[PDB]
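Peer 1: The file below is work04.pdb, PDB, C-alpha atoms:
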ATOM      1  CA  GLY H   1       0.000   0.000   0.000  1.00  0.00           C
ATOM      2  CA  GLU H   2       0.872   3.734   0.153  1.00  0.00           C
ATOM      3  CA  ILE H   3       3.275   3.371   3.175  1.00  0.00           C
ATOM      4  CA  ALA H   4       5.238   0.565   1.434  1.00  0.00           C
ATOM      5  CA  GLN H   5       5.392   2.838  -1.697  1.00  0.00           C
ATOM      6  CA  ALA H   6       6.584   5.860   0.341  1.00  0.00           C
ATOM      7  CA  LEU H   7       9.305   3.707   1.928  1.00  0.00           C
ATOM      8  CA  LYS H   8      10.455   2.285  -1.453  1.00  0.00           C
ATOM      9  CA  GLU H   9      10.820   5.824  -2.872  1.00  0.00           C
ATOM     10  CA  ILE H  10      12.687   6.947   0.307  1.00  0.00           C
ATOM     11  CA  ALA H  11      15.098   3.981  -0.111  1.00  0.00           C
ATOM     12  CA  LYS H  12      15.675   5.030  -3.772  1.00  0.00           C
ATOM     13  CA  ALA H  13      16.328   8.644  -2.732  1.00  0.00           C
ATOM     14  CA  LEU H  14      18.770   7.613   0.007  1.00  0.00           C
ATOM     15  CA  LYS H  15      20.756   5.379  -2.436  1.00  0.00           C
ATOM     16  CA  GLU H  16      21.145   8.340  -4.841  1.00  0.00           C
ATOM     17  CA  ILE H  17      22.122  10.629  -1.889  1.00  0.00           C
ATOM     18  CA  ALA H  18      24.816   8.098  -0.802  1.00  0.00           C
ATOM     19  CA  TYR H  19      26.185   8.027  -4.341  1.00  0.00           C
ATOM     20  CA  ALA H  20      26.127  11.830  -4.701  1.00  0.00           C
ATOM     21  CA  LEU H  21      28.044  12.211  -1.442  1.00  0.00           C
ATOM     22  CA  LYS H  22      30.704   9.635  -2.520  1.00  0.00           C
ATOM     23  CA  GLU H  23      31.223  11.624  -5.790  1.00  0.00           C
ATOM     24  CA  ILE H  24      31.525  14.862  -3.728  1.00  0.00           C
ATOM     25  CA  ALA H  25      34.100  13.097  -1.462  1.00  0.00           C
ATOM     26  CA  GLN H  26      36.102  11.984  -4.566  1.00  0.00           C
ATOM     27  CA  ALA H  27      35.927  15.483  -6.131  1.00  0.00           C
ATOM     28  CA  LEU H  28      37.305  17.011  -2.918  1.00  0.00           C
ATOM     29  CA  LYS H  29      40.180  14.393  -2.876  1.00  0.00           C
ATOM     30  CA  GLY H  30      40.916  15.349  -6.566  1.00  0.00           C
TER      31      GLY H  30
ATOM     32  CA  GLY D   1      -6.918  12.266   6.905  1.00  0.00           C
ATOM     33  CA  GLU D   2      -3.597  12.788   8.780  1.00  0.00           C
ATOM     34  CA  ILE D   3      -1.823   9.811   7.064  1.00  0.00           C
ATOM     35  CA  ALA D   4      -2.938  10.946   3.544  1.00  0.00           C
ATOM     36  CA  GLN D   5      -1.578  14.461   4.383  1.00  0.00           C
ATOM     37  CA  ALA D   6       1.729  13.061   5.709  1.00  0.00           C
ATOM     38  CA  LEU D   7       2.096  10.952   2.528  1.00  0.00           C
ATOM     39  CA  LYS D   8       1.355  13.991   0.263  1.00  0.00           C
ATOM     40  CA  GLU D   9       4.144  15.941   2.030  1.00  0.00           C
ATOM     41  CA  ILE D  10       6.509  12.934   1.690  1.00  0.00           C
ATOM     42  CA  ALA D  11       5.776  12.786  -2.074  1.00  0.00           C
ATOM     43  CA  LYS D  12       6.468  16.590  -2.359  1.00  0.00           C
ATOM     44  CA  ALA D  13       9.730  16.277  -0.406  1.00  0.00           C
ATOM     45  CA  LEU D  14      10.930  13.379  -2.591  1.00  0.00           C
ATOM     46  CA  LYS D  15      10.166  15.352  -5.836  1.00  0.00           C
ATOM     47  CA  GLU D  16      12.397  18.212  -4.545  1.00  0.00           C
ATOM     48  CA  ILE D  17      15.092  15.665  -3.536  1.00  0.00           C
ATOM     49  CA  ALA D  18      15.075  14.165  -7.079  1.00  0.00           C
ATOM     50  CA  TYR D  19      15.384  17.710  -8.536  1.00  0.00           C
ATOM     51  CA  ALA D  20      18.262  18.680  -6.269  1.00  0.00           C
ATOM     52  CA  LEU D  21      20.142  15.467  -6.979  1.00  0.00           C
ATOM     53  CA  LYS D  22      20.027  16.044 -10.769  1.00  0.00           C
ATOM     54  CA  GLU D  23      21.608  19.502 -10.287  1.00  0.00           C
ATOM     55  CA  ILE D  24      24.268  17.989  -7.913  1.00  0.00           C
ATOM     56  CA  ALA D  25      25.075  15.355 -10.600  1.00  0.00           C
ATOM     57  CA  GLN D  26      25.428  18.102 -13.268  1.00  0.00           C
ATOM     58  CA  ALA D  27      27.522  20.377 -11.029  1.00  0.00           C
ATOM     59  CA  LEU D  28      29.992  17.540 -10.479  1.00  0.00           C
ATOM     60  CA  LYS D  29      30.330  16.991 -14.313  1.00  0.00           C
ATOM     61  CA  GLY D  30      31.179  20.763 -14.609  1.00  0.00           C
TER      62      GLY D  30
ATOM     63  CA  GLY C   1      -2.357   7.958  15.502  1.00  0.00           C
ATOM     64  CA  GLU C   2       1.248   6.693  16.050  1.00  0.00           C
ATOM     65  CA  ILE C   3       1.640   5.952  12.276  1.00  0.00           C
ATOM     66  CA  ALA C   4       0.350   9.424  11.225  1.00  0.00           C
ATOM     67  CA  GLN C   5       2.846  10.996  13.707  1.00  0.00           C
ATOM     68  CA  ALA C   6       5.774   8.851  12.512  1.00  0.00           C
ATOM     69  CA  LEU C   7       5.012   9.766   8.903  1.00  0.00           C
ATOM     70  CA  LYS C   8       4.755  13.507   9.730  1.00  0.00           C
ATOM     71  CA  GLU C   9       8.263  13.380  11.286  1.00  0.00           C
ATOM     72  CA  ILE C  10       9.511  11.525   8.135  1.00  0.00           C
ATOM     73  CA  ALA C  11       7.932  14.253   5.930  1.00  0.00           C
ATOM     74  CA  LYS C  12       9.682  16.970   8.034  1.00  0.00           C
ATOM     75  CA  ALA C  13      13.025  15.156   7.867  1.00  0.00           C
ATOM     76  CA  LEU C  14      12.791  14.772   4.100  1.00  0.00           C
ATOM     77  CA  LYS C  15      11.897  18.501   3.645  1.00  0.00           C
ATOM     78  CA  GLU C  16      15.119  19.442   5.538  1.00  0.00           C
ATOM     79  CA  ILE C  17      17.039  16.908   3.379  1.00  0.00           C
ATOM     80  CA  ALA C  18      15.622  18.561   0.194  1.00  0.00           C
ATOM     81  CA  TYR C  19      16.731  21.959   1.584  1.00  0.00           C
ATOM     82  CA  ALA C  20      20.237  20.757   2.478  1.00  0.00           C
ATOM     83  CA  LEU C  21      20.673  19.170  -0.957  1.00  0.00           C
ATOM     84  CA  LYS C  22      19.621  22.406  -2.763  1.00  0.00           C
ATOM     85  CA  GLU C  23      22.334  24.268  -0.763  1.00  0.00           C
ATOM     86  CA  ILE C  24      24.868  21.489  -1.678  1.00  0.00           C
ATOM     87  CA  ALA C  25      23.877  21.907  -5.374  1.00  0.00           C
ATOM     88  CA  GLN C  26      24.435  25.704  -5.094  1.00  0.00           C
ATOM     89  CA  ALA C  27      27.778  25.288  -3.302  1.00  0.00           C
ATOM     90  CA  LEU C  28      29.030  22.911  -6.003  1.00  0.00           C
ATOM     91  CA  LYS C  29      27.891  25.325  -8.823  1.00  0.00           C
ATOM     92  CA  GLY C  30      30.139  27.992  -7.128  1.00  0.00           C
TER      93      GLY C  30
ATOM     94  CA  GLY A   1       2.788  -1.615  16.618  1.00  0.00           C
ATOM     95  CA  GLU A   2       5.895  -2.880  14.758  1.00  0.00           C
ATOM     96  CA  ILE A   3       5.317  -0.559  11.724  1.00  0.00           C
ATOM     97  CA  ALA A   4       4.940   2.560  13.974  1.00  0.00           C
ATOM     98  CA  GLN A   5       8.219   1.589  15.742  1.00  0.00           C
ATOM     99  CA  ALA A   6      10.090   0.989  12.454  1.00  0.00           C
ATOM    100  CA  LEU A   7       8.877   4.337  11.099  1.00  0.00           C
ATOM    101  CA  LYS A   8       9.929   6.195  14.306  1.00  0.00           C
ATOM    102  CA  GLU A   9      13.491   4.825  13.888  1.00  0.00           C
ATOM    103  CA  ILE A  10      13.419   5.780  10.173  1.00  0.00           C
ATOM    104  CA  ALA A  11      12.296   9.329  11.138  1.00  0.00           C
ATOM    105  CA  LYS A  12      15.196   9.574  13.655  1.00  0.00           C
ATOM    106  CA  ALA A  13      17.721   8.303  11.085  1.00  0.00           C
ATOM    107  CA  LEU A  14      16.509  10.776   8.453  1.00  0.00           C
ATOM    108  CA  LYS A  15      16.677  13.696  10.967  1.00  0.00           C
ATOM    109  CA  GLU A  16      20.374  12.864  11.618  1.00  0.00           C
ATOM    110  CA  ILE A  17      20.950  12.598   7.825  1.00  0.00           C
ATOM    111  CA  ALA A  18      19.324  16.074   7.337  1.00  0.00           C
ATOM    112  CA  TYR A  19      21.673  17.470  10.000  1.00  0.00           C
ATOM    113  CA  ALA A  20      24.731  15.839   8.421  1.00  0.00           C
ATOM    114  CA  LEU A  21      23.799  17.222   5.009  1.00  0.00           C
ATOM    115  CA  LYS A  22      23.404  20.791   6.407  1.00  0.00           C
ATOM    116  CA  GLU A  23      26.948  20.553   7.881  1.00  0.00           C
ATOM    117  CA  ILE A  24      28.210  19.297   4.452  1.00  0.00           C
ATOM    118  CA  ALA A  25      26.403  22.250   2.752  1.00  0.00           C
ATOM    119  CA  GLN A  26      28.119  24.707   5.170  1.00  0.00           C
ATOM    120  CA  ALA A  27      31.567  23.159   4.739  1.00  0.00           C
ATOM    121  CA  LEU A  28      31.232  23.516   0.964  1.00  0.00           C
ATOM    122  CA  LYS A  29      29.387  26.911   1.060  1.00  0.00           C
TER     123      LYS A  29
ATOM    124  CA  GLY T   1      39.937  22.657   6.818  1.00  0.00           C
ATOM    125  CA  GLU T   2      36.633  22.656   4.871  1.00  0.00           C
ATOM    126  CA  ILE T   3      37.790  19.446   3.024  1.00  0.00           C
ATOM    127  CA  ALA T   4      38.636  17.623   6.314  1.00  0.00           C
ATOM    128  CA  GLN T   5      35.196  18.627   7.701  1.00  0.00           C
ATOM    129  CA  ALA T   6      33.307  17.653   4.547  1.00  0.00           C
ATOM    130  CA  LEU T   7      34.930  14.226   4.431  1.00  0.00           C
ATOM    131  CA  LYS T   8      34.266  13.492   8.121  1.00  0.00           C
ATOM    132  CA  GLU T   9      30.576  14.423   7.773  1.00  0.00           C
ATOM    133  CA  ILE T  10      30.213  12.383   4.517  1.00  0.00           C
ATOM    134  CA  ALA T  11      31.598   9.288   6.301  1.00  0.00           C
ATOM    135  CA  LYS T  12      29.018   9.811   9.133  1.00  0.00           C
ATOM    136  CA  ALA T  13      26.198  10.423   6.635  1.00  0.00           C
ATOM    137  CA  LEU T  14      26.923   7.194   4.768  1.00  0.00           C
ATOM    138  CA  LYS T  15      26.730   5.092   7.969  1.00  0.00           C
ATOM    139  CA  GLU T  16      23.318   6.618   8.831  1.00  0.00           C
ATOM    140  CA  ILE T  17      22.097   6.055   5.249  1.00  0.00           C
ATOM    141  CA  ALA T  18      23.119   2.354   5.391  1.00  0.00           C
ATOM    142  CA  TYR T  19      21.210   2.087   8.691  1.00  0.00           C
ATOM    143  CA  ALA T  20      18.078   3.800   7.354  1.00  0.00           C
ATOM    144  CA  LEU T  21      18.058   1.472   4.350  1.00  0.00           C
ATOM    145  CA  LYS T  22      18.314  -1.653   6.569  1.00  0.00           C
ATOM    146  CA  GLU T  23      15.355  -0.449   8.676  1.00  0.00           C
ATOM    147  CA  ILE T  24      13.342   0.309   5.474  1.00  0.00           C
ATOM    148  CA  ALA T  25      14.149  -3.194   4.112  1.00  0.00           C
ATOM    149  CA  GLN T  26      12.880  -4.740   7.393  1.00  0.00           C
ATOM    150  CA  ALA T  27       9.779  -2.502   7.533  1.00  0.00           C
ATOM    151  CA  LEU T  28       8.819  -3.615   4.015  1.00  0.00           C
ATOM    152  CA  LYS T  29       8.862  -7.339   5.121  1.00  0.00           C
ATOM    153  CA  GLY T  30       6.255  -6.375   7.830  1.00  0.00           C
TER     154      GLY T  30
END
Have the structure of the file written as structure tokens, please.
Peer 2:
Amino acid sequence: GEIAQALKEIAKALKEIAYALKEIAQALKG
Amino acid sequence: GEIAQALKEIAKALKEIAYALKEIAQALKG
Amino acid sequence: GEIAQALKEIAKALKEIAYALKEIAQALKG
Amino acid sequence: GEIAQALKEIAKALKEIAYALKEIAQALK
Amino acid sequence: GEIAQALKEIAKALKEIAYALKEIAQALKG
């Protein structure tokens, strides 16, 4: 239902945030 | 009621997150 | 009740995350 | 019950993530 | 000093993201 859907989209968002932050970490090491 | 409202705000928040992340991705390319 | 409250705190959290990420996007464009 | 408890922990986690991200924004700003 | 700070906070952020995702995975089994 709608709570399961909310949570799936939050998991997606958090995975993209983790990747964004790793690319920012690498940029700053560069 | 309250749960429908909470879920509408979650959906709004996640749309802004998706937008922000695209601009972060682009910034890091240039 | 409890679920509505939990989801309202999640909605708040995600709104602050969207805000933070917009400032990160701006920083990186500088 | 169990779903309310799970969602309270998720709310806490996301609040700490929002704080972290604001400190990252400031560092970079 | 900004780079040191950024990298410390990104490491913290990633640990909290991994935790959030585990709790979301478990929640969705329920």
Peer 1: Run the ChimeraX specification (/D :<12) & /A against the file shown and list the residues it catches, as a list in words.
Peer 2: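 Selected by the ChimeraX specification (/D :<12) & /A in this file: residues 11, 18 and 25 of chain A.
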Peer 1: Find the distance between atom CA of residue A:6 and atom CA of residue A:24 and write it in Å to one decimal.
Peer 2: 27.0 Å
Peer 1: How would chain D read as a PDB file with C-alpha atoms, in the coordinates of the input after a least-squares superposition onto chain T over every Cα atom, matched in order?
Peer 2:
ATOM      1  CA  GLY D   1      41.060  21.515   7.009  1.00  0.00           C
ATOM      2  CA  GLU D   2      37.699  22.317   5.312  1.00  0.00           C
ATOM      3  CA  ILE D   3      37.860  19.296   2.903  1.00  0.00           C
ATOM      4  CA  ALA D   4      38.722  16.840   5.758  1.00  0.00           C
ATOM      5  CA  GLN D   5      35.713  18.259   7.718  1.00  0.00           C
ATOM      6  CA  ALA D   6      33.381  17.976   4.695  1.00  0.00           C
ATOM      7  CA  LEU D   7      34.518  14.351   4.174  1.00  0.00           C
ATOM      8  CA  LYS D   8      33.958  13.496   7.898  1.00  0.00           C
ATOM      9  CA  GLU D   9      30.367  14.812   7.622  1.00  0.00           C
ATOM     10  CA  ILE D  10      29.854  12.831   4.372  1.00  0.00           C
ATOM     11  CA  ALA D  11      31.050   9.637   6.133  1.00  0.00           C
ATOM     12  CA  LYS D  12      28.621  10.346   9.070  1.00  0.00           C
ATOM     13  CA  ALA D  13      25.711  10.978   6.684  1.00  0.00           C
ATOM     14  CA  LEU D  14      26.389   7.741   4.768  1.00  0.00           C
ATOM     15  CA  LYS D  15      26.501   5.682   8.048  1.00  0.00           C
ATOM     16  CA  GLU D  16      23.005   7.029   8.935  1.00  0.00           C
ATOM     17  CA  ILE D  17      21.806   6.297   5.358  1.00  0.00           C
ATOM     18  CA  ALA D  18      23.021   2.658   5.639  1.00  0.00           C
ATOM     19  CA  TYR D  19      21.202   2.355   9.013  1.00  0.00           C
ATOM     20  CA  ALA D  20      17.951   3.787   7.693  1.00  0.00           C
ATOM     21  CA  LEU D  21      18.006   1.562   4.626  1.00  0.00           C
ATOM     22  CA  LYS D  22      18.317  -1.623   6.740  1.00  0.00           C
ATOM     23  CA  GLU D  23      15.192  -0.612   8.716  1.00  0.00           C
ATOM     24  CA  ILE D  24      13.336   0.213   5.418  1.00  0.00           C
ATOM     25  CA  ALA D  25      14.288  -3.269   4.086  1.00  0.00           C
ATOM     26  CA  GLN D  26      12.982  -4.920   7.304  1.00  0.00           C
ATOM     27  CA  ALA D  27       9.768  -2.862   7.371  1.00  0.00           C
ATOM     28  CA  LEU D  28       8.965  -4.025   3.842  1.00  0.00           C
ATOM     29  CA  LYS D  29       9.445  -7.741   4.877  1.00  0.00           C
ATOM     30  CA  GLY D  30       6.898  -7.101   7.729  1.00  0.00           C
TER      31      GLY D  30
END
